[PDB]
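Next up: just one chain, as structure tokens, the form deposited in one PDB entry.
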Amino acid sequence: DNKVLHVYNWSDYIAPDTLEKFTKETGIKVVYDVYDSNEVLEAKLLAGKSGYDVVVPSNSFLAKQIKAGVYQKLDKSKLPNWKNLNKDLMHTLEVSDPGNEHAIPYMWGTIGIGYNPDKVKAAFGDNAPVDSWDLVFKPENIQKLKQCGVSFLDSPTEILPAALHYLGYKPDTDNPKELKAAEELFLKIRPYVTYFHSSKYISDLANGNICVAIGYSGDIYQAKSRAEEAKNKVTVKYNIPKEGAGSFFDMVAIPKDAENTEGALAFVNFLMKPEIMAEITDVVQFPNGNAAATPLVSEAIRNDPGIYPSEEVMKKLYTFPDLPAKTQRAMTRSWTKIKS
């Protein structure tokens, strides 16, 4: 039975009936499981037998997982939709799957600026550089903002590069003297930071206990809506700094030990039909890799530069590397001193 497609994906990360539509156009029935963390999936692929034709791991893992011959290169000849992929994002993805050979971007997010336009304006004055990493990385700026509170993700592997990229170094630099600079910067601002956390800020941004939060885009939208919701006159805006930013994509790949290869490819191609990816996003509401899909996406999500960026910004976007041990704990030690 070659109407058997073994798929593996994030939970609630799909259309109401994407799989149907597929089947209806393939005559391939799909078995749809859903994992909840990269660790559980990564544990499958390594277990000598995936048993799946398609997984959608996070690009940070895809990278490593690529290096361990876990996937087969795509046979692009059988993916006539590939043209619909956003060339810009694909390019900013080469430093993860070189020559875009293995996966395509499903949906993605960024580490950017979550903020409250009103509180920022009253704490800062006119013209808060709310589109620029300047907002938080100039002492005389963040200090004014302490008065309404500002948060950073507790996560050095991601946050540091914000500093690095801000200082002009390469975001993935391995250099002791540079990482230090990054450290000396965060130290000039540390006294002006309420707290470091990867979750508290979501509600504090929504209740307006704090006015500036640097964190994940998905997280900031949660707050934004949670906020409109709470009918308490709190506004949550989100920006991707003109200087570009950190970014992450969930990638659809095909494992090397795939049983139904030729079906899986058909499947990936299916996912790039403008109106299908358009649909997936109307529902879960994270941007996707599909350029020619956009104009189909719901006016409200389509027109929100907080999700669909200048694409001059698109070009200034970066991924996160596979860091080497020395750096890795170099950062931890850094972060540790930074907090206290």
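Throughout, we count residues from 1 along the sequence that is shown.
Keep in mind that the form deposited in another entry is missing from the display, and what follows is about it.
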| property | result |
| --- | --- |
| Hinge residue among 220, 71, 272, 108 (rigid parts rotating between the shown form and the other one) | 108 |
| Sense of the change in Cα distance from residue 100 to residue 244 in the other form - at least 3 Å versus the shown form | farther |
| Residue pair residue 166, residue 100 - Cα distance in the other form, closer or farther (3 Å or more) | farther |
